[PDB]
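**Student:** Once you've had a glance at the structure underneath, I'll fire off some questions.
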Amino acid sequence: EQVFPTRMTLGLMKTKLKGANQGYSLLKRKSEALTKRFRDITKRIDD
Amino acid sequence: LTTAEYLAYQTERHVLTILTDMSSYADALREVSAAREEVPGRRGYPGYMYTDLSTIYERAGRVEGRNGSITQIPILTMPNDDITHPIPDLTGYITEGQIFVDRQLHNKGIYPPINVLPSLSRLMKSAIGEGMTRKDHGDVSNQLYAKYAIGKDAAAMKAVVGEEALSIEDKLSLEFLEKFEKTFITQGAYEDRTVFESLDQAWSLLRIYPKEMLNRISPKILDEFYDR
Amino acid sequence: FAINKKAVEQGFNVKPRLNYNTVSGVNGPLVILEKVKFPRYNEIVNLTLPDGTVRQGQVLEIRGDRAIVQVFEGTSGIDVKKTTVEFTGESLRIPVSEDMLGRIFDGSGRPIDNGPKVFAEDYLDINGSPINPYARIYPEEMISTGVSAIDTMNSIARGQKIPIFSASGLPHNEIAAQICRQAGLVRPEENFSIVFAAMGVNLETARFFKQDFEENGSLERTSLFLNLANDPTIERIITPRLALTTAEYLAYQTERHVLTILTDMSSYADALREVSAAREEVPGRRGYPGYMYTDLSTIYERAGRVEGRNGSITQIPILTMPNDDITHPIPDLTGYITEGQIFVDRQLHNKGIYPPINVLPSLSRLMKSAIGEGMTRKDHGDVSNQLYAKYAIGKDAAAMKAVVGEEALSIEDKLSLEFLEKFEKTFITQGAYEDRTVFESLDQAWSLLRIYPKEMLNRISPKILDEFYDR
Amino acid sequence: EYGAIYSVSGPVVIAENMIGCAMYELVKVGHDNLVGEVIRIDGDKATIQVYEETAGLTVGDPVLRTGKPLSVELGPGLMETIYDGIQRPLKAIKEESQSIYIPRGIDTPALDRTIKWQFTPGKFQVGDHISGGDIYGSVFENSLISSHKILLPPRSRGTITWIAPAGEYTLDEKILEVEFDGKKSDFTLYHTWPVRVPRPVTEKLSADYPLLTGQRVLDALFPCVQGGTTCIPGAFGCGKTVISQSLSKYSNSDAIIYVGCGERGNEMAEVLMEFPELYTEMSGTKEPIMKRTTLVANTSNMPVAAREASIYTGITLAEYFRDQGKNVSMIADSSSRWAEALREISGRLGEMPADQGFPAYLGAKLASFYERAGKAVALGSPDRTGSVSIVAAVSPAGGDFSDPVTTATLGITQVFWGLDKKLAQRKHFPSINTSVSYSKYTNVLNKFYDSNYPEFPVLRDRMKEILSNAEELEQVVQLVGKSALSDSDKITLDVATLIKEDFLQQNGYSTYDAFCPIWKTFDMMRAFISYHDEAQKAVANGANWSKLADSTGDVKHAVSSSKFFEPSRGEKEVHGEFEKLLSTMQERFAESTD
């Protein structure tokens with residue numbers, strides 16, 4: 001389900017998988033923190 | 001090759017041979033030795049294809065006794081657009097560098113669709129130089145190669161992230177890559193340019209960049225030429 | 001006591017020895033005799049080249065009145081006219097005596113310490129029969145390696161089989177030397193011995209091994225079987241059999257707690273692929289012979305404690321992944337046969353950490369039977385888990401530091417970040433000649449744990465926290 | 001009449017003067033009589049496969065012929081025995097040799113040939129026509145099992161001309177003289193059977209009777225019918241030993257055949273040391289489990305062929321015990337190791353590989369082996385009935401389940417009990433991931449529930465949907481917090497947590513929670529569903545659920561503590577107490593609404 005480079009390119013794709021996982025987790029946690037700080041801004045601006 | 005050798009080494013006249021489609025030759029060589037039952041090599045080809053192709057290629061160069069020359073420009077055909085196939089692999093092992101052709105450039109309607117990134121010519125450093133050519137020839141090429149690689153990698157990374165994560169270098173490199181691909185490589189079938197005109201075009205392209213990020217170029221040439 | 005009757009019965013009986021001159025063809029490292037009489041699979045022979053030189057070999061196949069000998073030291077210079085082939089009449093055997101300790105043996109077992117002959121106390125078949133499973137028991141007590149990162153977190157119970165994976169350009173050999181030098185029991189010795197067989201090693205490494213074991217006194221507790229890289233491969237495959245056989249004899253006929261090391265198995269795999277290519281067995285996965293599982297099992301599974309005898313045994317094979325991938329057949333099979341593994345990270349080595357061990361992928365399945373009371377202190381199993389969890393937390397905390405600054409990190413995150421660096425730089429980092437008891441390592445681990453507030457160390461039981469957290 | 005060796009190659013040997021030998025006979029090659037089996041026959045020469053190491057052999061050694069394929073001896077004395085992969089007694093071997101090795105070239109009878117057994121005549125007399133598989137006498141084997149029956153091996157008929165009367169005999173005294181065209185037929189207290197041929201049976205039946213293990217979650221949500229297959233993942237930290245021990249001690253079967261099909265060795269030592277200590281208490285503390293079990297041990301050192309034939313041997317023994325009218329329960333250990341041994345044998349034979357390097361037999365071999373299981377009526381006159389229920393244990397290559405072995409096993413088997421390590425640290429000691437494990441015998445088990453416990457299916461379903469809803473709810477709870485959730489959602493969440501921590505979690509060591517029978521679990525899920533639905537109904541008409549929880553904290557604690565209730569007290573008085581508790585909860589809720 002992609003352009004198919006078949007020339008012993010396994011290591012490259014595994015590296016891509018690891019990078020994707022790392023970025024996914026990091027961005028997940030960043031979004032968590034930003035939303036947490038967004039809630040308090042909402043409350044305080046309202047008040 | 002025998003005719004070329006005769007003409008070049010027994011008539012004192014320069015020669016330039018152009019033999020096409022070594023892939024068919026290799027396929028025919030495989031067909032024979034398959035009627036036999038010899039220990040097959042990688043991907044079924046005979047083991048001694050390396051020696052065979054070495055025999056074919058080596059008939060080239062120059063000799064002091066004579067003053068004629070012989071030059072080879074064989075044409076290949078990778079089966080599945082992969083350079084790891086035994087034929088191109090051995091050919092690269094034997095010859096001095098190769099000129100690559102890419103599907104992407106042709107798809108984008110660029111002629112001649114030559115991909116410089118995987119191409120090289122080992123004898124370039126010895127041939128070029130002051131007197132023989134303009135002194136900047138030996139370093140402008142390296143600078144352009146570096147910038148092309150930088151632009152390619154920056155575009156590849158941006159394709160998944162986007163502009164936001166781009167510094168000034170990436171922004172400059174993308175546009176430089178666009179201009180280079182669409183102006184320098186492209187040229188008409190009957191259009192030709194001397195070395196000096198190509199050098200001037202290269203400097204025109206490079207002048208986009210500030211004077212300080214052209215680290216790979218020597219200060220003397222940079223000061224002499226980039227000024228104007 | 002009647003063993004004397006058997007010794008004399010088969011002892012004082014001399015038998016003649018044939019001598020052939022019918023070499024009738026050769027094919028690379030092989031040799032083909034023609035008119036042998038009653039050949040015997042897996043014999044030992046002594047060739048005699050026309051120049052007077054002497055070599056050895058071992059038959060592989062026998063047709064109707066035919067033998068196929070393969071020569072150890074190559075085959076160059078032989079001839080089909082003057083070479084004489086002398087049979088032996090019995091398979092390879094090793095001279096075994098209690099007094100191996102101290103001496104150094106070559107690959108085939110000929111002493112190379114400029115000393116006298118072995119003066120064998122007996123002879124044995126190198127590859128003995130398998131242990132009867134019904135007569136086997138579980139590990140129980142612990143072995144003191146002396147390495148902080150191993151003993152504290154990956155203790156080795158006697159009777160275990162824990163390999164040590166490592167990459168190509170890593171100081172695994174130095175770690176093995178340190179382990180062999182610092183090994184011993186724990187006293188909360190007259191019973192400890194080591195067998196250190198090395199196969200396929202450089203000359204410099206062999207010289208370093210010999211010189212270090214000489215001037216550090218450890219020699220008289222060991223018996224090395226060196227085998228350089230340029231020696232015949234068949235001798236390479238032979239050497240581990242010799243080492244295991246002698247260790248088994250010592251353990252199960254003198255009741256000595258013994259520890260054996262191999263220092264390599266990839267080169268053993270190469271020597272093994274070489275064989276079966278002399279034969280016409282087609283290559284298997286990745287070119288390796290398919291049946292390596294059986295012989296590797298034979299090598300490894302001569303370990304563990306035994307029911308009746310008080311002796312014991314332990315193994316620490318050392319592998320070398322080709323391109324740092326666990327998917328390779330050798331590490332896969334080794335993990336399948338053995339218990340747990342010990343890793344060696346490249347990055348830590350780059351940062352100058354010695355021993356460059358990473359604990360996240362490490363594991364020892366028989367820990368639970370190793371630690372305890374009497375056998376060791378009571379707080380080992382809890383500190384192990386606590387330190388593992390906190391190291392795991394610290395890694396990701398360091399990861400997030402770069403993306404979300406430092407202030408947004410919880411107090412937990414900052415404490416874990418500091419603890420990670422302190423741990424790496426002090427606990428794991430151990431001098432090449434720094435020997436530590438388990439108690440000292442536990443105390444240092446407690447010191448590191450003292451970073452956190454007492455309450456927060458959730459995974460540790462309240463009893464231990466109350467007892468030791470003081471001071 | 002013997003055979004002289006003609007060639008040798010590692011584990012390959014070629015005989016000579018071999019005429020009149022089947023393609024799978026057994027041969028006692030060598031002076032020491034190493035065991036082997038013929039593979040290929042080409043005129044006179046015949047390839048032979050060896051098991052032990054062939055080092056030291058010499059041309060011209062005599063070669064013998066056994067006269068049958070790989071076979072196993074069956075008869076009294078199997079219990080309390082520990083066998084190798086090829087029907088070899090280990091205790092007797094060790095005692096005989098006094099060593100700690102298996103000395104190559106050693107042959108001892110599979111069953112003890114000296115112990116005298118007390119035989120009692122059956123129900124036939126001289127001159128009576130007989131048929132294969134007909135019981136003609138019993139033997140007292142143990143206080144646990146005392147009706148060890150004696151059969152007439154299949155493929156044997158005729159009339160009996162002499163039967164030994166009651167008395168005490170050994171295994172080498174002909175106790176029957178069947179007369180056929182040739183009156184040569186004699187019979188003793190035992191006989192043999194080729195391993196690779198399934199035992200004949202009158203007719204297979206449909207397994208419907210549930211197999212209860214004593215655990216709560218197992219029989220509550222993922223039951224196994226007594227006579228079917230099942231599979232459970234093999235992992236280190238999962239701790240499957242609990243499942244095996246509970247199955248051995250508390251299940252309703254009558255004979256267990258554990259099979260170790262290639263382990264690390266130390267694990268075999270652990271299990272062998274452990275089993276003789278497990279005790280069962282029915283009609284008194286009948287001390288051992290070994291009196292109800294035979295174990296096949298195969299450490300990695302064992303010969304490849306022995307390491308491969310283990311499951312065949314075990315299943316053959318199980319079928320034999322099934323045909324006596326009893327109920328059996330086979331338990332493999334690591335089918336992955338068996339597949340590894342099969343692939344190794346295929347590679348040594350030098351055959352074409354297939355998907356992922358394995359041979360092409362795997363699918364058919366596994367299919368046939370599993371089909372050998374089931375429930376049937378034995379072949380004989382008394383018309384007894386038995387059942388077999390294999391319990392496989394698949395271990396992956398390195399965790400991934402893409403290997404052909406796992407795919408084939410999952411495709412064949414019907415019940416999967418997924419085990420997760422993550423629960424181990426959190427100590428859900430029955431570590432079953434309810435979102436993955438599944439069962440497929442419900443459609444049949446309902447025909448038993450209706451006869452006994454009609455409401456069981458709807459209740460188990462209801463908690464299935466409850467758990468799914470709770471786990472889905474928590475997902476959005478994390479997003480928006482419990483603040484934006486109605487009281488019904490919080491009710492679902494907290495009842496889900498209560499169920500997770502009471503109904504599922506099980507200590508397994510307490511005197512009360514060690515073994516939970518069926519009716520007790522019936523009452524438990526009835527009570528839990530009643531509590532939840534009653535509370536939600538009360539909230540439906542309008543009431544602050546916080547106040548309701550404050551009022552009914554005692555009721556919640558009571559339903560939680562009901563699990564601590566000690567069973568094995570009245571087994572119906574327990575039902576009375578459960579009814580009292582249910583009525584109390586009902587009236588407490590009714591008053592609370594007021």
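Labeling convention for the structure tokens: chains A, B, ... as they appear, residues from 1 per chain, ligands from 1 in order of appearance.
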Starting from chain A, keep only residues with some atom at most 9 Å from an atom of chain C, counting only C-alpha atoms, and report them as a PyMOL selection string.

**Tutor:** chain A and resi 26-27+29-30+33

**Student:** Could you save those same residues with N, CA and C atoms as a compact mmCIF listing (two decimals), in the first residue's frame?

**Tutor:**
```txt
# COMPACT_ATOMS: atom_id res chain seq x y z
N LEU A 26 5.12 12.00 22.01
CA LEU A 26 5.52 13.33 22.47
C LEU A 26 4.42 14.35 22.19
N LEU A 27 3.85 14.33 20.99
CA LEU A 27 2.81 15.29 20.65
C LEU A 27 1.55 15.04 21.47
N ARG A 29 1.45 14.00 24.57
CA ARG A 29 1.65 14.57 25.90
C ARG A 29 1.68 16.09 25.86
N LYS A 30 2.28 16.66 24.81
CA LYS A 30 2.27 18.11 24.66
C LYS A 30 0.84 18.64 24.58
N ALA A 33 -0.78 18.63 28.06
CA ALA A 33 -0.37 19.74 28.91
C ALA A 33 -1.00 21.05 28.45
```

**Student:** Using only C-alpha atoms, select each residue of chain B with any atom at most 9 Å away from an atom of chain A, and give the selection as an NGL selection string.

**Tutor:** :B and (82-85)

**Student:** Keeping only N, CA, C and O atoms, write the selected residues as a PDB file, in the first residue's frame.

**Tutor:**
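Resulting contents of again.pdb:
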```pdb
ATOM      1  N   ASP B  82      15.943  -0.303 -10.216  1.00  0.00           N
ATOM      2  CA  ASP B  82      16.696  -0.519  -8.989  1.00  0.00           C
ATOM      3  C   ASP B  82      18.167  -0.689  -9.327  1.00  0.00           C
ATOM      4  O   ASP B  82      18.523  -1.527 -10.162  1.00  0.00           O
ATOM      5  N   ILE B  83      19.019   0.102  -8.671  1.00  0.00           N
ATOM      6  CA  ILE B  83      20.453   0.058  -8.942  1.00  0.00           C
ATOM      7  C   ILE B  83      21.146  -1.116  -8.274  1.00  0.00           C
ATOM      8  O   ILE B  83      22.332  -1.349  -8.533  1.00  0.00           O
ATOM      9  N   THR B  84      20.446  -1.864  -7.424  1.00  0.00           N
ATOM     10  CA  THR B  84      21.051  -3.004  -6.749  1.00  0.00           C
ATOM     11  C   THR B  84      21.050  -4.265  -7.602  1.00  0.00           C
ATOM     12  O   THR B  84      21.596  -5.285  -7.169  1.00  0.00           O
ATOM     13  N   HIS B  85      20.456  -4.224  -8.790  1.00  0.00           N
ATOM     14  CA  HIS B  85      20.443  -5.391  -9.652  1.00  0.00           C
ATOM     15  C   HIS B  85      21.876  -5.751 -10.045  1.00  0.00           C
ATOM     16  O   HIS B  85      22.727  -4.867 -10.184  1.00  0.00           O
TER      17      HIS B  85
END
```

**Student:** Just want the 8 Å neighbourhood of residue 84 of chain D, counted on only C-alpha atoms, with same-chain residues fewer than 2 positions away dropped. Output as a PyMOL selection string.

**Tutor:** chain D and resi 82+86-90+296-298+306+310

**Student:** Selection from above, C-alpha atoms, as a PDB file, in the first residue's frame, can you write it?

**Tutor:**
```
ATOM      1  CA  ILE D  82       7.120 -40.218  34.515  1.00  0.00           C
ATOM      2  CA  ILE D  86       9.211 -42.447  23.470  1.00  0.00           C
ATOM      3  CA  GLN D  87       7.711 -44.309  26.443  1.00  0.00           C
ATOM      4  CA  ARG D  88      10.855 -44.636  28.555  1.00  0.00           C
ATOM      5  CA  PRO D  89      10.683 -44.800  32.378  1.00  0.00           C
ATOM      6  CA  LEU D  90      13.116 -42.346  33.947  1.00  0.00           C
ATOM      7  CA  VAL D 296       5.805 -37.017  29.678  1.00  0.00           C
ATOM      8  CA  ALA D 297       9.036 -35.050  30.115  1.00  0.00           C
ATOM      9  CA  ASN D 298      11.225 -33.932  27.193  1.00  0.00           C
ATOM     10  CA  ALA D 306      11.545 -38.388  20.803  1.00  0.00           C
ATOM     11  CA  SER D 310       5.658 -36.596  22.535  1.00  0.00           C
TER      12      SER D 310
END
```

**Student:** Please, which residues of chain D lie no more than 7 Å from chain C when the count uses only C-alpha atoms, and can they be set out as a ChimeraX atom specification?

**Tutor:** /D:6-9,55-59,90-91,100-104,264,266,269-270,299-301,344,347-348

**Student:** Using C-alpha atoms, can you export the residues from the last selection as a CSV table (one decimal), in the first residue's frame?

**Tutor:**
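Written out: result30.csv:
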```csv
chain,number,residue,atom,x,y,z
D,6,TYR,CA,26.9,-50.6,4.8
D,7,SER,CA,27.2,-46.9,5.3
D,8,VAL,CA,27.0,-44.2,8.0
D,9,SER,CA,26.5,-40.5,7.8
D,55,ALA,CA,29.8,-41.9,17.0
D,56,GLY,CA,32.0,-45.0,17.1
D,57,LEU,CA,29.9,-47.3,14.9
D,58,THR,CA,31.7,-49.7,12.6
D,59,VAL,CA,30.7,-51.3,9.3
D,90,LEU,CA,13.1,-42.3,33.9
D,91,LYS,CA,12.9,-43.3,37.6
D,100,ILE,CA,22.6,-39.2,36.5
D,101,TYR,CA,22.7,-39.8,32.7
D,102,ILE,CA,20.6,-41.7,30.2
D,103,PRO,CA,23.3,-44.2,29.1
D,104,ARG,CA,22.8,-44.7,25.4
D,264,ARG,CA,14.4,-25.2,29.2
D,266,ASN,CA,14.9,-26.1,34.8
D,269,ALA,CA,12.7,-29.7,37.3
D,270,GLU,CA,10.4,-27.1,38.9
D,299,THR,CA,14.1,-31.6,27.9
D,300,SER,CA,15.9,-30.1,24.9
D,301,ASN,CA,18.7,-32.6,25.0
D,344,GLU,CA,14.2,-29.6,12.1
D,347,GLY,CA,15.2,-29.9,7.2
D,348,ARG,CA,17.5,-32.8,8.1
```

**Student:** Quick one: residues within 7 Å of segment 18-30 of chain B, only C-alpha atoms, excluding same-chain residues fewer than 4 positions away - as a PyMOL selection string?

**Tutor:** chain B and resi 34+45-46+72-77

**Student:** Keeping only C-alpha atoms, write those residues as a PDB file, in the first residue's frame.

**Tutor:**
```pdb
ATOM      1  CA  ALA B  34      21.806 -22.198 -18.531  1.00  0.00           C
ATOM      2  CA  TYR B  45      23.369 -15.249 -13.676  1.00  0.00           C
ATOM      3  CA  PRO B  46      26.737 -16.923 -14.303  1.00  0.00           C
ATOM      4  CA  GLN B  72      33.201   4.126 -24.192  1.00  0.00           C
ATOM      5  CA  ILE B  73      29.620   5.174 -23.453  1.00  0.00           C
ATOM      6  CA  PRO B  74      27.680   1.951 -22.789  1.00  0.00           C
ATOM      7  CA  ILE B  75      23.925   2.114 -22.238  1.00  0.00           C
ATOM      8  CA  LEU B  76      22.267   0.097 -19.471  1.00  0.00           C
ATOM      9  CA  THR B  77      18.688  -0.771 -18.547  1.00  0.00           C
TER      10      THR B  77
END
```

**Student:** Can you tell me, as a list in words, what residues are no more than 8 Å from segment 160-170 of chain B when counting only C-alpha atoms, ignoring any on the same chain fewer than 6 positions away?

**Tutor:**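 So, after excluding close chain neighbours, the residues are residues 150, 151 and 154 of chain B.
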
**Student:** Contacts of segment 97-109 of chain B at 6 Å or less, counting only C-alpha atoms, minus same-chain residues fewer than 2 places along, as a PyMOL selection string?

**Tutor:** chain B and resi 95+113-115+119-121

**Student:** Could you dump the residues just selected with N, CA, C and O atoms as a compact mmCIF listing (two decimals), in the first residue's frame?

**Tutor:**
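Listing of selection09.txt after writing:
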```txt
# COMPACT_ATOMS: atom_id res chain seq x y z
N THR B 95 33.32 0.38 -14.12
CA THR B 95 33.55 1.66 -14.78
C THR B 95 33.86 2.75 -13.76
O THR B 95 33.81 2.55 -12.55
N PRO B 113 16.10 14.40 -18.40
CA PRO B 113 15.80 14.01 -17.01
C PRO B 113 16.95 13.29 -16.34
O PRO B 113 16.89 12.07 -16.13
N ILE B 114 18.00 14.03 -16.01
CA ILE B 114 19.19 13.47 -15.36
C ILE B 114 19.12 13.77 -13.88
O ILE B 114 18.86 14.91 -13.47
N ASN B 115 19.35 12.75 -13.06
CA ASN B 115 19.39 12.90 -11.61
C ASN B 115 20.86 12.94 -11.19
O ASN B 115 21.58 11.95 -11.31
N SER B 119 24.88 10.36 -9.32
CA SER B 119 25.84 10.31 -10.42
C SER B 119 27.17 10.90 -9.99
O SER B 119 27.25 11.71 -9.07
N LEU B 120 28.23 10.49 -10.69
CA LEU B 120 29.56 11.03 -10.43
C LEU B 120 30.49 10.60 -11.56
O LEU B 120 30.21 9.66 -12.30
N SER B 121 31.61 11.31 -11.66
CA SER B 121 32.65 11.00 -12.64
C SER B 121 34.00 11.16 -11.95
O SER B 121 34.42 12.28 -11.65
```

**Student:** Which residues are near residue 205 of chain C? Cut-off 12 Å, only C-alpha atoms, ignore same chain within fewer than 4 positions. Put them as JSON, numbers by chain.

**Tutor:** {"C": [171, 172, 173, 174, 176, 177, 198, 199, 200, 201, 209, 210, 211, 212, 226, 227, 228, 229, 263]}

**Student:** Please, which residues in chain A fall within 12 Å of chain D when counting only C-alpha atoms, and what is the closest atom pair and distance in Å to one decimal for each, ordered by chain then residue number, as a Markdown table?

**Tutor:**
```
| residue | atom | partner | partner_atom | distance |
| --- | --- | --- | --- | --- |
| A:31 | CA | D:479 | CA | 11.7 |
| A:32 | CA | D:479 | CA | 9.6 |
| A:35 | CA | D:479 | CA | 10.1 |
| A:36 | CA | D:479 | CA | 10.9 |
| A:39 | CA | D:480 | CA | 11.1 |
```

**Student:** For the residues in the current selection, export C-alpha atoms as a PDB file, in the first residue's frame.

**Tutor:**
```
ATOM      1  CA  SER A  31      -1.405  18.389  23.711  1.00  0.00           C
ATOM      2  CA  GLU A  32      -2.403  17.067  27.134  1.00  0.00           C
ATOM      3  CA  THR A  35      -5.236  21.582  27.158  1.00  0.00           C
ATOM      4  CA  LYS A  36      -4.690  21.418  30.915  1.00  0.00           C
ATOM      5  CA  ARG A  39      -8.812  25.115  31.030  1.00  0.00           C
TER       6      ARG A  39
END
```

**Student:** Just give me the gap between atom CA of residue 380 of chain C and atom CA of residue 421 of chain C in Å, one decimal is fine.

**Tutor:**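 We find that atom CA of residue 380 of chain C and atom CA of residue 421 of chain C lie 22.0 Å from each other.
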
**Student:** Please compute the atom CA of residue 522 of chain D-atom CA of residue 563 of chain D distance, one decimal, in Å.

**Tutor:**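 Taking atom CA of residue 522 of chain D and atom CA of residue 563 of chain D, their separation equals 12.0 Å.
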
**Student:** Can you tell me, as a compact mmCIF listing (two decimals) with N, CA, C and O atoms, in the first residue's frame, which residues in segment 252-480 of chain D count as strand (DSSP E or B) by DSSP?

**Tutor:**
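Result saved to out.txt:
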```txt
# COMPACT_ATOMS: atom_id res chain seq x y z
N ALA D 255 -8.65 -38.21 34.86
CA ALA D 255 -7.28 -38.59 34.56
C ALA D 255 -6.63 -37.46 33.77
O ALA D 255 -7.19 -37.00 32.77
N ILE D 256 -5.46 -37.03 34.23
CA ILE D 256 -4.73 -35.93 33.61
C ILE D 256 -3.45 -36.49 33.00
O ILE D 256 -2.78 -37.32 33.62
N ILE D 257 -3.12 -36.04 31.80
CA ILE D 257 -1.90 -36.44 31.11
C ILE D 257 -1.18 -35.16 30.72
O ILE D 257 -1.40 -34.60 29.64
N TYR D 258 -0.30 -34.68 31.60
CA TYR D 258 0.54 -33.54 31.27
C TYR D 258 1.66 -33.99 30.34
O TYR D 258 2.22 -35.07 30.50
N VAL D 259 1.99 -33.14 29.37
CA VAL D 259 3.02 -33.44 28.39
C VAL D 259 3.97 -32.26 28.31
O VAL D 259 3.56 -31.15 27.96
N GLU D 263 11.33 -28.09 26.87
CA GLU D 263 11.40 -26.93 27.74
C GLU D 263 12.86 -26.58 27.99
O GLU D 263 13.77 -27.20 27.44
N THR D 293 -2.30 -39.13 37.43
CA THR D 293 -1.63 -38.43 36.34
C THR D 293 -0.42 -39.21 35.88
O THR D 293 0.25 -39.87 36.67
N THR D 294 -0.15 -39.11 34.58
CA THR D 294 1.10 -39.56 33.98
C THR D 294 1.71 -38.40 33.21
O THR D 294 1.03 -37.68 32.48
N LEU D 295 3.02 -38.23 33.37
CA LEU D 295 3.69 -37.05 32.84
C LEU D 295 4.77 -37.47 31.86
O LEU D 295 5.53 -38.40 32.12
N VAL D 296 4.82 -36.77 30.73
CA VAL D 296 5.80 -37.02 29.68
C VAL D 296 6.76 -35.83 29.68
O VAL D 296 6.35 -34.70 29.39
N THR D 299 13.21 -32.74 27.92
CA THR D 299 14.13 -31.62 27.89
C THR D 299 14.75 -31.50 26.50
O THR D 299 14.71 -32.43 25.69
N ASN D 327 -13.09 -39.99 32.00
CA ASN D 327 -12.91 -38.69 31.36
C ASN D 327 -11.46 -38.26 31.52
O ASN D 327 -10.90 -38.37 32.62
N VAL D 328 -10.87 -37.75 30.44
CA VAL D 328 -9.46 -37.41 30.41
C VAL D 328 -9.32 -35.95 30.01
O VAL D 328 -10.25 -35.33 29.50
N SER D 329 -8.14 -35.39 30.27
CA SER D 329 -7.86 -33.99 29.95
C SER D 329 -6.37 -33.88 29.62
O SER D 329 -5.54 -33.85 30.53
N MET D 330 -6.06 -33.83 28.33
CA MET D 330 -4.68 -33.65 27.89
C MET D 330 -4.28 -32.18 28.02
O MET D 330 -5.09 -31.27 27.85
N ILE D 331 -3.00 -31.96 28.31
CA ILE D 331 -2.45 -30.62 28.42
C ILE D 331 -1.07 -30.56 27.79
O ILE D 331 -0.09 -31.01 28.39
N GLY D 374 -12.22 -35.16 21.19
CA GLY D 374 -13.67 -35.19 21.13
C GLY D 374 -14.26 -36.11 22.18
O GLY D 374 -13.61 -36.54 23.13
N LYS D 375 -15.55 -36.41 21.99
CA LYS D 375 -16.33 -37.26 22.87
C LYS D 375 -16.98 -38.36 22.05
O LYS D 375 -17.47 -38.12 20.95
N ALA D 376 -16.98 -39.58 22.60
CA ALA D 376 -17.50 -40.73 21.87
C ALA D 376 -17.90 -41.81 22.86
O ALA D 376 -17.61 -41.73 24.06
N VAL D 377 -18.57 -42.83 22.34
CA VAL D 377 -18.94 -44.02 23.11
C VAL D 377 -17.94 -45.11 22.76
O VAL D 377 -17.72 -45.40 21.58
N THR D 385 -18.89 -44.92 28.21
CA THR D 385 -18.71 -43.68 27.48
C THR D 385 -17.61 -42.86 28.14
O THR D 385 -17.46 -42.87 29.37
N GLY D 386 -16.85 -42.14 27.32
CA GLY D 386 -15.76 -41.31 27.82
C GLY D 386 -15.69 -39.98 27.11
O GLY D 386 -16.63 -39.58 26.42
N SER D 387 -14.57 -39.28 27.26
CA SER D 387 -14.39 -37.97 26.64
C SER D 387 -12.94 -37.54 26.79
O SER D 387 -12.26 -37.93 27.74
N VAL D 388 -12.49 -36.73 25.84
CA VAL D 388 -11.14 -36.18 25.84
C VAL D 388 -11.23 -34.69 25.55
O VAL D 388 -12.04 -34.26 24.73
N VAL D 391 -5.83 -29.37 25.86
CA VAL D 391 -5.61 -27.98 26.26
C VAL D 391 -4.22 -27.60 25.76
O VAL D 391 -3.22 -27.86 26.43
N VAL D 394 0.23 -22.36 23.14
CA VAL D 394 1.03 -21.86 22.04
C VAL D 394 1.92 -20.74 22.53
O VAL D 394 1.47 -19.80 23.20
N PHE D 416 -10.20 -19.42 23.31
CA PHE D 416 -8.94 -18.75 23.58
C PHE D 416 -9.06 -17.99 24.89
O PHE D 416 -10.03 -17.26 25.10
N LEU D 419 -3.94 -14.20 27.98
CA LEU D 419 -3.28 -13.79 29.22
C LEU D 419 -2.40 -12.58 28.95
O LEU D 419 -1.69 -12.53 27.94
N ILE D 432 -6.66 -12.51 32.73
CA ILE D 432 -7.37 -12.72 31.47
C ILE D 432 -7.81 -11.37 30.94
O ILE D 432 -8.60 -10.66 31.59
N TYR D 438 -12.18 -15.23 24.19
CA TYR D 438 -13.51 -15.50 23.68
C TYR D 438 -13.78 -16.99 23.73
O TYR D 438 -12.86 -17.81 23.81
```

**Student:** Using Å and a single decimal, report how far atom CA of residue 38 of chain B sits from atom CA of residue 23 of chain C.

**Tutor:**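 Going from atom CA of residue 23 of chain C over to atom CA of residue 38 of chain B covers 29.0 Å.
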